[PDB]
Structure formats: structure tokens, C-alpha cells
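K.L.:
following this: a sequence and the matching experimental structure.
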Amino acid sequence: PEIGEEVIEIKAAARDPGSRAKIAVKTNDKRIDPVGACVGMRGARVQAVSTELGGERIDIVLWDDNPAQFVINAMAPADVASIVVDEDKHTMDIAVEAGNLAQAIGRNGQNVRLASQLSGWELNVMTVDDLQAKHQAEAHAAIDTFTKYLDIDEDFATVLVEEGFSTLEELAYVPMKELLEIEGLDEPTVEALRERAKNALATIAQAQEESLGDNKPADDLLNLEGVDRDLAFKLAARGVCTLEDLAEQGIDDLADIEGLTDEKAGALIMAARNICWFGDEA
Amino acid sequence: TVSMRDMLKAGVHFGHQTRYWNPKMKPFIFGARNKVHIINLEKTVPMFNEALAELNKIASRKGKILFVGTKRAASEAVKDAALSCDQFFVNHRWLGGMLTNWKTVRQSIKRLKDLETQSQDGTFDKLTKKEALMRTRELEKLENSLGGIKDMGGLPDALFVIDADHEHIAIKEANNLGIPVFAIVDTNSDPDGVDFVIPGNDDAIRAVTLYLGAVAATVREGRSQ
Amino acid sequence: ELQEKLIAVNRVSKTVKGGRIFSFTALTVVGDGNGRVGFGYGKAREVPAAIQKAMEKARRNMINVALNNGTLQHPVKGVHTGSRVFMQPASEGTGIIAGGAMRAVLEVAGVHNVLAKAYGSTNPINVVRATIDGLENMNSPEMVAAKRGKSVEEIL
Amino acid sequence: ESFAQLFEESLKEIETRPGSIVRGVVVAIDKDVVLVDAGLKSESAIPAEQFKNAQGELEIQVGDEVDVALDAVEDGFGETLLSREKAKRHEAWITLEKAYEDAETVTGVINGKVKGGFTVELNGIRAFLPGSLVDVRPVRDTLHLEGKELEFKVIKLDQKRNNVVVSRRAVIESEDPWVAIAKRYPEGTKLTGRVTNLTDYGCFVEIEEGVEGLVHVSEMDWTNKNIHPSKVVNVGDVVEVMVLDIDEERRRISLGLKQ
RNA sequence: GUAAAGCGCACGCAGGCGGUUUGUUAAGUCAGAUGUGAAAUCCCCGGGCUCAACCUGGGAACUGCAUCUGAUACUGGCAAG
RNA sequence: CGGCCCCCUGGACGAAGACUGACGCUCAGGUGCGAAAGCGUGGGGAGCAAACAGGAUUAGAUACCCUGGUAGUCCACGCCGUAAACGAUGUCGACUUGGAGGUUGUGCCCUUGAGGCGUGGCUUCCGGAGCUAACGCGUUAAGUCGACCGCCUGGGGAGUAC
């Protein structure tokens, strides 16, 4: 009855009736113990719901505070250790060990959905090693992207990216005084190297202008079969905008771009002319 | 948020006489002017700001605030403040054991609600006159006592008070239960039971109003957050 | 998980115009076998109701105690009104050497090994209170280190 | 910082104790209590009867400013002694102004000698006078049109006891209490005295330079015992009283009010 | 204080205690050593009676006393403040 | 210890300075002072009044009440050495939040007024922490400590017997 008299804060009830029914509950810190009251003497009230509408795996989690503690609580009854986060779609990446994953995951299509609605969003059960594997797959990439940011010499870049946390991808908004501690910081130049990275971002925006900032192809040319986005940009760079404009161009006119060959330009022109001529038929 | 000049204008710096003070308030006192204690605004302001911040934080997590003043000078104002931010209040005499003995008072609330319903929603009229007068009187009594806290449900998560010495019963209840207390504490008052003390003139009306208004604004902010 | 011991129950009287009205007081204590402990002192016209009340009261207003493994952290004295109490940490195996109400509170507290004498009054209520006081005031090594601005190894 | 210390001494510099600085803005009126705020610890519980002028209706709305009086602090909660006393200082200043030119000119209308001297009233208050002062000569305003309008020309003032006698007519014409306590003595000299505190057996009207009178309970009215002084006269009001009796030794001047 | 228990009040010998700084001494104090503190008994580790009690080897202990050699913070003595 | 005066005389406190330089605190035995009653010798003797007498009251009234009334109370010099001789609280020192007074100094301040701001001594009441069986005590401790002494160990028998 505690819940009825506002003593057991019950938010969502992400449960799958007919199988497992795990749900977390909060409470105003006043020696109440929410799960305890929900369970009772040796699961007294717990047994009631267990054989209530049918054999269900009902579970109660002691809600801690905010959504961060809801993640682990949604992995119960099991053993969570860590989890990743993001923005709108944070996607709670469950981080457990294979040995404990057997019970944590329980069933492929059961605890993966019951704990998915627990937080209301969705969870991505992973492994302790998996986390590290993906973790590194992130350090190299603010670097693993053909280094399209600042750029100067490479021998200094290796020694700079050794100490550099999270590469340089938009790192100017972070502390601009700890890289000056690095052995070698005279006039503001590294504080300037980061500025170069910012300029690289603007250069990337200029590349977007090269692919949009200067009028990229229409939906007819972009959705044409046999052509990619780079090929459509290379074809549209010669003044064409639509698929009909690409059909108006010839093999010799498209031969000015080295990315397209004579046979490929002929096939693209024939496909555009067929789409223009047979456009009456679906 | 609240400036010092404004507080001075209100009359916060004024505090009780020099025969009626409390030596635990000695830190918060600055000097004694015409045999009247002056509260040190330098030390008051930062803590008032703190208290405001805490209140805001409480609001952000959907905390329930209770506004207590039964001085009968600033009863109107405390009610107004409570309503502005749609929070709860006790502007008339605090019932002994309102919080500690909630479960009993909860029945009281329920009876009041039922009576209100009868009055308004039923539209049944046709009641024996004396009986009708008695029911009306009961309604008035219960409205006066428990009007603000009727929609409260359970126990507040924080307690703002206008006078510590005057509302010591409420303070003691909050301490027993562990509810955070945010008290305006004049020189005569005892601030030991208070968690977030506020040295200010509980008596003067304008000062009380100022205190209330800033508190209400920060509650509204936390709600918005 | 909590264990509860009714220490004592005592009949008390109130004289009225008719005669004597009798009632019963129940002194109980509860604990989780760890630091946490709480006593309750209930009263009712009938015994079971009074003990029920004692249990209820004990369950609230509990108090924590810093236990080094099964015993105490140092000899500690505690008093209340007449009952003055000494209790001393002791080696594993010795058990609870203590008399009466005091014993009971120690057991629920989850102390297993103590040497303990109740000087002065042995009025169960007062002596249990005194025990609780001695347990509360008792501080731990980490606590004293924190108090004093040092490490634990400095204090040993 | 010292900002605050400098302000504290500034605010000292910009207030004084008595009712001098007209500072309290009337911030709530209801009948029968006016309230102000003169930069004091609390607001004054003002009577309405300090603030109605000469015919019985109020004169100041919200925001209006009159100083009150001080040097008494917190009977348990609150702040002041009333503001009309402040008006007494203004009346004293007007009376003193005479000295400069040896003639204070107002309206003074004295119909009858309370205690030997015609009573002269200035705009709101009415003061009592010694005999000679009502008339410059034996003219005797009893034959003048009742409550006539001339002026007040000062004949006599007691200079510690507020007894001031003034000359209504004839525009052309132009320790300490207890040794010689025989001035208001003879049998029946009536006085205008403000009552101070009613002790449930008394009223304690006492005005005339640091003395104490008692009109206790027996006269006060024309009922003897069921009277309870607080019901029948006032608190803090100037009344009809006369001596009836003096001790110069055991300092008990036993005034009366049934007269 | 009211349960038993503050002399009715003082002065004051003996006695007890004694502000602060420096120097000195080394009585108290502390440290180390030597001598002794019988054996048995007690306690520790062992051994022997089938076990045990009992017997029994070695240790520890016997908290002390006396001396010698140091230490000098404290207490004391002496000298100056 | 209480009407004024005078003579001889002890202590206390404050104000500044100057000096001495631990000379101090406590104290078993010891010594002194010690209400009232009481004793001795000699004086005195108004009033009051143990004892006593009478009148009442009463069942009785060796009392209470009334009418009288002697020791004594008063003085001198001795003795007695006890009292709920009580703050039922040993003395000395140090330290710990406050308020309202009284009394007696004293410094400064325009005493511009009986006042304003301090700073000492003694003292009454209330009350905080703490203490206390509780009552209460609470900077004059019954709080927190030190030095010395006195005293207590169930009630009666008994503060009696020898």
C-alpha cells in the first residue's frame, strides 16, 4: 500500500507481461526501502505478482538518482559495470563481461527488449573487451580521417598527437593552456596549430561548399542508378544540375573529368537519356 | 541575485533590540545602533544567495516547497508568494505535528476536500439550516488551516520559514524528519535547528516581501529548468 | 534481515478514582547485525500491542556504529542517568561478556566479542541507552585520521 | 566592504532620534491603524487619532510623510512613540519664533479661564493659560462674541510646564517641581494634562514639569466602582483635570476628573 | 545542596602542594649492565607413565633490592634572576 | 551590627603611579571569636514574660484564649561553646554563551539635561551550554580543572552507654 499513499516513487514500468517484469522505483530518503516494501517477507508480495496474471519474472531495482543510475538498474537482475553516453540518442552501451553476459543478456529476444524500454530509449549490450576495442576505434579516428584539420610537418605532428587526448578534432574549445606545458612552446603557434584545425573545419565547410556551398546536383541526378555522390558531383561540376542536363552532355564533354571514363560517361548518358525518354513509364 | 542596496532599502539590516538577542546570532550581527542590533549585510547576502541556489536545485528535481509564516502581518504575502510559483504554504497557525503526524492530518486534508466537493461540485442544496451553517463553519476552519497544503499529497522536500523562533515547532518537525530548512532568522531567533539560515528582519513587512519574492522567482526558475 | 529482541516488559500502574489502571511497557532493540542499532520503549494496556509499539519505535531512529571486524575499535564508556557502562574490545572467540539488557543490544548490533561491565544502575532502559551512547561516541581509525588531518598509517 | 561601514555611519548621519525627520511613508492604512516606515527596525502601530485634523476625518493617504518620535525601543515587538508629539516641537518652534521679533502672530480664541486663564487653541491643539494673559487689560472676553477671533499675544509661560497664556484682543497693544509647589495649588486649579498609563486603579495624568497625578478610580465619571478607567477615558490624551489635593512632601498630587 | 556525608567561623605550627627564566647538580625519574631474587609452585614449548591427573627437560617469570655506567624533559636540591 | 554626637579602632574598594621580588595556597593537632537560652558575683528592673496563681474552654485542658505574674531579658566582669550557628553548598586559584537590575567607586564625553560611551568591586533575579535521581545549579556553578583539608559507608539501638 506504500505506493498507493505516495511512498514508492514508480516512474516507468518497462516490463514484458508473460515473461520478465523488471521495474525500478525511487523513494524520498526516509528509511522506506521501495524494493523491500515491493518484495515483503521472503518475497511475500513478490510471490503474489509472480503467480498473479501468470508465471512472470517480476524484478524490482532500487532507483538511485537521474538516468545514469537507471541504465545499470535496467540491466538488473545481473551485473553492470560501465556504460557509454551521447546526445538525444545516447544508446546505453551495456559494458559487462562474457561470463556475466550469459545471465545479463539472458535470452536473445527477451532481456534485450525488456531492458531496452527500461530507460525508455534503447540499450546496446556489449562486452568489457568490446568497449576497449571500440574505445581505441575512436582515438585513431579524430586522427583516423586522413588528417583533414590543421596539418604542418608530420614529425612534429606525431610527437604532438602522442600527448594529444582525443586527437585535435574540435579541441580548441577545450583547455588552451595544457599543450603549452609540452616541451616546446614559444610564441602562440600550437595555440595557433589548434586554430589551424579550426580553419580546417572551415575548410571542411568549404568542401561542403564544393559539394553544396556552390550548388551540388538535383534529386534526379543524385538518385540515378550507376552513379555515386562523388560521380554526381564531378558530373554536375561542369554546369549540369539535373539528369536531363547530364543527358544533354556528351561523352567528349564528360571526358574532361578524369574521374569518369568514356564507357562510364556513355553508360551514364544513355541511362539519363533512357530516364528522360521513358519517364512516362514507371 | 538580490542586491545589497535593495535589502537596505527594505530594512533587512535592522534587527531586534539589545536585550532580546541570541548570542548564537553574534556572528551575524554587525553593530548596535540606538540600542538596536544591526545585521551584517556583508555576511547575510552570500548566504542568502546560496539558500536561493539550493532552493532552485530542489525545484529542478521537482521538489515540494512549503512556505511557513504565521505572523499575521505577512500571512497574505506568504500565501501570495506560494501561489505565484504554485507551491504550498501554511499562513495560519501551524498544527502541532503537521509533518511528523502527517498520516492523521492526511485524513484532515481528505475531509476538507470532501467538504469542498460537497460545497461546489454537488450543487445539491437542500440542507437543514443549522446543519448547513455548521458544515460551512467546518469548511472555513479547514480552509484556514490546511488550504495551502491540500494538494500536497505527501511530505515536502524543503521548508522555507519566515521566523525561526516563531515557527520553532515546524522547524523541529523538519529536523526530526530531516527536511531541509530555509529560515529567515532575526537576532532574537535560534538558528541551530536551521540548515540554511538567513539573517534578516522577520518583522518588517517590506523585507519579508522581498525575501518571499526572490524565493518565488528562484523556485519558478528551477521549475522551468 | 533485521533482528529484534524484546529486552524487558514491565507492568506500570496509574491510580484513579476507581482504582488502579494497569499498563505494560516493552523495551525492545533491533539491529541488522552491522553498525546500525536502535531501541524502542513502547506502552499499551496489553503486552503484545506494547511490544509491537516498541518494535515500531526501534525501527525508526536507528544509529550507526563503526565496527572493526567483530569487536570494537577501542575501550569505550557510556552513561545514562544511573547506568554507567564500560565495554572493551576483545579477541575473536571470546563472545559477548555482558549482562542483561546490555548484552541484547550488543548482539543485535552485530558485535561478537566484547568484555563489558555495567557499573552503577542496571535499570534496563537506562543501561541500554548508555550502551547506545557508548557505541555512538566510539569513533574509528579512519574517522580520527580524517579529524586530525593525517593518514591511517600515521595513526596506526 | 568598508562600503557597509561607511554606509552605516552615513545612515547614522541621515537620521536622528526624536520625531524630527519627516521620513515614515504611510504604507498601509486601515481603520483604526495607520502604519509608517521611518528607517526603523519595525513599522509603527499608529492610531488614527494622531492623524485626523480638527473635525474628525483623515488627511494623509499612502506615501505621505510625518516624523514620529523615538528614544524608546521594542516593548516586545514594534517601533515608536507617536508623531503628534512631533507636532508639539513645531508648535514650540512657532512659539519661540516670537522671541525673534517679540511678537508671535496666529489666531487665538480664548473663551474661558480653565485654571484662572483663558484657554487658547492653535490650529489642532488647545492649550491652557494663566489668568492675565487672555486679556491685555481687564477687558474680559466674556462680553466678546463667543469663541472670538483675534490672535495670541503671550503674557505668561512656565517654560518647563507647557502652560502658555496668550492675549486675545487689542491688536494695537504691542528638586525643581517640589520646593515652590504652590502655583496650581490653592484648592481647585484645573489643568490640561496628557494621561500616561492606566493601572486599573488609576489613569496617571501628569504633565506639569515632572510631577505625578492619579485621578485614580473614584471620580473619573459619575459612576463609582464598575468603571474600569480604560473604558471610560483614553490612553495618551489631554484632559480636564485639576489638583483637588497636593502633598509637597510625599509627592502625591491627587487630581480629579469628576469636576 | 535535598538520599549518609562540608568542622559555626577564623588564624595558624607540623605536614601537603607551589608562578616564571638561566645555570648547575643528578636525589626522585628513565635507560643499559652486573650481582642477587633457593628449589618446588604458577605460565610457555617439550618429554614420560595406554590418556589424564601425576612425573619430568628447558625457558619465561619472581613486577623487588643493591651496585656501576649513562640520559637530564619533568619533580627535587643549590646559585643567580 | 540600626536614633544623633564625640573619642579610640579593624577591614574593604577604586585611581594612578612607585617599591619588594614567590615572601604563596591549604592545614591534623593547637589557638582564638562564637545567637539565644543557661550559670557565678555585683548592680539594675519601665515593658515583656518561662515558672506560678486565678478565670475561661473542654469529656478532661497540668495547653491554646483572658487577668495577673517571678526568674530572665538590661549593665559590669567571668564561665558556658551549642543552634535549621543554612546557601542544609569547606577554603584558594584558573577557564567557559547571555539578559534585567541594585549598590559603590572611577576614566573619557559638548554633563548642550535628569544624560552618552566605557572600566573596577560587592550584590538580587532569570536563563544557555554543561551538569544533576530529579528538583534544580547555571561566570557568586551544583559546569570544566588543579591544591589542601574536613566528613560519609543500610535503618534502629545512638550521637546513646563506658
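P.N.:
Perfect, I can see it now. Numbering: from 1, shown residues only, chains lettered A, B, ... in the order given.

K.L.:
can you tell me the helix or strand for residue C:84?
P.N.:
strand C:83-89 (DSSP states H and E).

K.L.:
run through who's touching that strand.
P.N.:
Strand C:83-89 has contacts (C-beta atoms under 8 Å, 6 or more residues apart in numbering or on different chains) with C:68, C:71-79, C:98, C:102, C:106, C:113-123, C:126-127, C:129-131, C:134. Just so you know, the C-beta spots here come from the backbone N, C-alpha and C atoms, and that holds for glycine as well.

K.L.:
swap in 7 Å and give it another go.
P.N.:
C:71-79, C:102, C:114-123, C:126-127, C:130-131, C:134 (C-beta atoms under 7 Å, 6 or more residues apart in numbering or on different chains).

K.L.:
sort out for me which of those residues are in strands.
P.N.:
Mapping the contacts of strand C:83-89 onto strands (DSSP state E) picks out C:76-79, C:114-120.

K.L.:
ranges for the helices of the chain?
P.N.:
Chain wasn't specified; assuming chain A. Here chain A has its helices, by DSSP state H, at A:34-39, A:44-50, A:68-75, A:98-105, A:111-114, A:128-139, A:154-163, A:190-208, A:219-222, A:229-236, A:243-248, A:251-254, A:262-277.

K.L.:
that's the wrong chain, I wanted chain D
P.N.:
Going by DSSP H, chain D shows helices at D:2-13, D:84-101, D:229-232.

K.L.:
tell me how many other residues surround whatever residue of the stretch 1-150 of chain D ends up closest to chain A.
P.N.:
The nearest approach of the stretch 1-150 of chain D to chain A comes at residue D:1, 31.8 Å away (C-beta to the nearest C-beta). As a burial measure, residue D:1 scores 6 neighbours (other C-beta atoms under 10 Å in any protein chain shown).

K.L.:
name the element the residue nearest to it when sequence neighbours are not counted belongs to?
P.N.:
Closest residue in space to residue D:1, ignoring its immediate chain neighbours: residue B:42 at 7.4 Å, by C-beta to C-beta, 6 or more residues apart in numbering or on different chains. Remark: residue B:42 resides in helix B:41-60, with elements defined by DSSP H and E.

K.L.:
next, the buried residues of stretch C:136-149.
P.N.:
By neighbour count with 16 or more other C-beta atoms under 10 Å in any protein chain shown, stretch C:136-149 contains the buried residues C:138, C:140.

K.L.:
restricting to C-alpha, output that stretch in CSV.
P.N.:
C-alpha atoms of stretch C:136-149 as CSV (Å, rounded to 0.1, in the frame of the first residue of the first chain):
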residue,chain,number,x,y,z
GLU,C,136,27.7,6.0,19.1
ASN,C,137,30.6,8.1,20.5
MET,C,138,33.1,5.4,19.6
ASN,C,139,35.0,6.5,16.5
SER,C,140,37.0,4.6,14.1
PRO,C,141,40.7,4.9,12.9
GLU,C,142,39.7,6.4,9.6
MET,C,143,37.4,8.8,11.3
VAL,C,144,40.2,10.0,13.7
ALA,C,145,42.6,10.3,10.8
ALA,C,146,40.1,12.5,9.0
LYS,C,147,39.6,14.5,12.1
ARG,C,148,43.2,15.1,12.6
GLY,C,149,44.4,15.6,9.0
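
K.L.:
circling back: which residues are in contact with the next helix or strand after the strand holding residue C:84?
P.N.:
Where DSSP H and E defines the elements, the next helix or strand beyond strand C:83-89 is strand C:96-97. The contact list for strand C:96-97, computed with C-beta under 7 Å, 6+ apart, reads C:103, C:106-107, C:111-112, C:114-116.

K.L.:
widest-spaced pair of those?
P.N.:
C:107 and C:115 (14.9 Å; C-beta to C-beta).

K.L.:
and the residue of chain A found nearest RNA strand F, what does it touch?
P.N.:
Nearest residue of chain A to RNA strand F: residue A:31, at 25.6 Å (C-beta to the nearest atom of the strand). Shown in contact with residue A:31 (C-beta under 7 Å, 6+ apart): residue C:60.

K.L.:
now it: how far from residue B:178?
P.N.:
According to C-beta to C-beta, to the nearest Å, residue A:31 and residue B:178 sit 10 Å apart.

K.L.:
so which bits of stretch A:133-144 are buried?
P.N.:
Buried, per 16+ other C-beta under 10 Å, within stretch A:133-144: A:142-143.

K.L.:
minimum distance to RNA strand F, which residue of chain D gives it?
P.N.:
residue D:210 (6.1 Å).

K.L.:
and that residue, how far is that from chain A?
P.N.:
To chain A, residue D:210 is 66 Å away according to C-beta to the nearest C-beta, to the nearest Å.

K.L.:
give me the distance between the residue lying closest to residue D:202 once chain neighbours are set aside and chain B.
P.N.:
In space, and not counting its chain neighbours, residue D:202 is closest to residue D:216: 4.3 Å by C-beta to C-beta, 6+ apart. Taking C-beta to the nearest C-beta as the measure, residue D:216 falls 32 Å from chain B.

K.L.:
neighbours of residue 153, just the number please.
P.N.:
Because you didn't say which chain, this covers chain A. 8.

K.L.:
the intended chain is chain D.
P.N.:
Neighbour tally, residue D:153, other C-beta under 10 Å: 25.

K.L.:
how much space is there between it and residue D:99?
P.N.:
14 Å.

K.L.:
re the thing from before, among the helices of chain D, which comes closest to residue C:12?
P.N.:
Of all these, helix D:229-232 comes closest under C-beta to C-beta, at 51.5 Å.

K.L.:
all the strands of chain B, residue numbers only.
P.N.:
B:14-17, B:29-32, B:36-39, B:65-68, B:88-90, B:158-161, B:181-184, B:196-198.

K.L.:
could you export those strands as TSV, including distance to residue D:89 and mean neighbour count?
P.N.:
What follows is these, written out as TSV (distance: least, C-beta to C-beta, whole Å; neighbours: other C-beta atoms under 10 Å in any protein chain shown):
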stretch	distance to residue D:89	mean neighbour count
strand B:14-17	25	25
strand B:29-32	27	16
strand B:36-39	23	22
strand B:65-68	43	26
strand B:88-90	45	23
strand B:158-161	42	26
strand B:181-184	37	27
strand B:196-198	39	24
